[PDB]
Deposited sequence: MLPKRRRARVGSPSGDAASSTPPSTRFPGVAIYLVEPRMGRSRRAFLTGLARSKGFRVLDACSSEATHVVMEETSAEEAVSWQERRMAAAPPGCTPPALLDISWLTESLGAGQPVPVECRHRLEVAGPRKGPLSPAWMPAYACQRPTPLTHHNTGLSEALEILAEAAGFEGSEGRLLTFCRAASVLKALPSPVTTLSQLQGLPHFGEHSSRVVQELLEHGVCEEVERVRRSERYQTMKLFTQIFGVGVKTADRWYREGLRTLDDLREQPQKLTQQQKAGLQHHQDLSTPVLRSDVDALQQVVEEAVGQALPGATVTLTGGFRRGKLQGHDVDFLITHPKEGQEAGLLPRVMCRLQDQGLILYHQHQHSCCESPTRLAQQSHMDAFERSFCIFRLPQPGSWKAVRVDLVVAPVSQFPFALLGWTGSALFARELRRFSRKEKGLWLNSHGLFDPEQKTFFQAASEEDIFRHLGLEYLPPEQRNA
């Protein structure tokens, strides 16, 4: 099938080298603002992740969605020579290396990275020499860059979840914390930890996240957050115990009312490409508008109610995929 949400995609697969090459090209297309090319290379990489066995000859690409002349030539060169000249040229290019370095910073996206590149900046130390060019968010991302470039381990996640649950429980008894994002999909490491918070009584979650953040702040556990008036998402930097020391870790906290929790869980569990393809499928194939708050029928002007992710897959006519099979 053509859409990633129509097929299981496990975390580990049989075409790792091929998919990683196409994702280099996708990433480079994004750095140049070519959103269409980025999508195609991302989708072509995701198709290979979903295959049941390694691709060893060009003929196996026949009939595969999102493989045309360019992606097929990349695979053919990898199969024949072990390396694709285009991919290698991208890897060592000054533009790709710098855009990757700059966009990796918390608070810096492609547009900011590109402007800094055009102004001649190239290294983290170049940015540090120009603090007037930085927001407070970017200052935090720059100062914590080394820790934030170290993968968070699954062992780290359980201790973090306990401390978030502690603060959430004092902010609002009965509220729950659910691990989302890549760790819910089975990843053993990540760039951050993602949590979704709710409460079983609709409406009781209103105003919760400011109360949670203030309690974590008082514990000395928040190295950075955007409110250090009402908000429901926080993208922060946590202080996480280490042996004889501590390390900075990115943590995302999202609050949703229980009526919307299945949609938020589906959206924030990802993968980013999985969720993007699920929304594209919903709109284009089923005529329904999906987001992290609900699922809208624009003809009937009605929202579907969902009590589970299983509800939503059924509403969309899709076979259910557990989180470990959404690694598109």
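The chain's deposited sequence has unresolved stretches at 1-138, 367-382, with no C-alpha coordinates there.
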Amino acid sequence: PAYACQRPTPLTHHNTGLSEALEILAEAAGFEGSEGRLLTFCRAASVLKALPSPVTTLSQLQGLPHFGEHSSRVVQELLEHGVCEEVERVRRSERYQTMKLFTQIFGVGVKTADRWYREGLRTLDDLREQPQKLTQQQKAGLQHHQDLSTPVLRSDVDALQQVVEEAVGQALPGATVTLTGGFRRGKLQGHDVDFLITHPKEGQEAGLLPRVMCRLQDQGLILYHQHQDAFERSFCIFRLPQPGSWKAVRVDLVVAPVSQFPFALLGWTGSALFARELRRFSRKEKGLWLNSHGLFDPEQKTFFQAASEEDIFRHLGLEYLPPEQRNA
From here on, numbers count along this sequence of modelled residues.
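Of the two stretches examined, 205-213 and 114-122, the record assigns the greater average C-alpha temperature factor to 114-122. For the segment pair 90-98 and 129-137, the entry gives 129-137 the higher mean B-factor, averaged over Cα atoms. Of all the options 181, 186, 241, 107, the entry's greatest CA B-factor is assigned to 241. Residue set 41, 31, 274, 263: peak C-alpha B-factor at 31 (per PDB entry).
Among all modelled residues in this chain, the alpha-carbon of residue 195 has a temperature factor (C-alpha) in the lowest third. Among all modelled residues in its chain, residue 303 ranks in the highest third by Cα B-factor. Ranked by C-alpha B-factor against the other modelled residues of its chain, residue 59 falls in the highest third. Remark: residue 65 belongs to the highest third of its chain, ranked by C-alpha B-factor as recorded. For residue 150, the recorded CA temperature factor ranks within the middle third of the chain's modelled residues.
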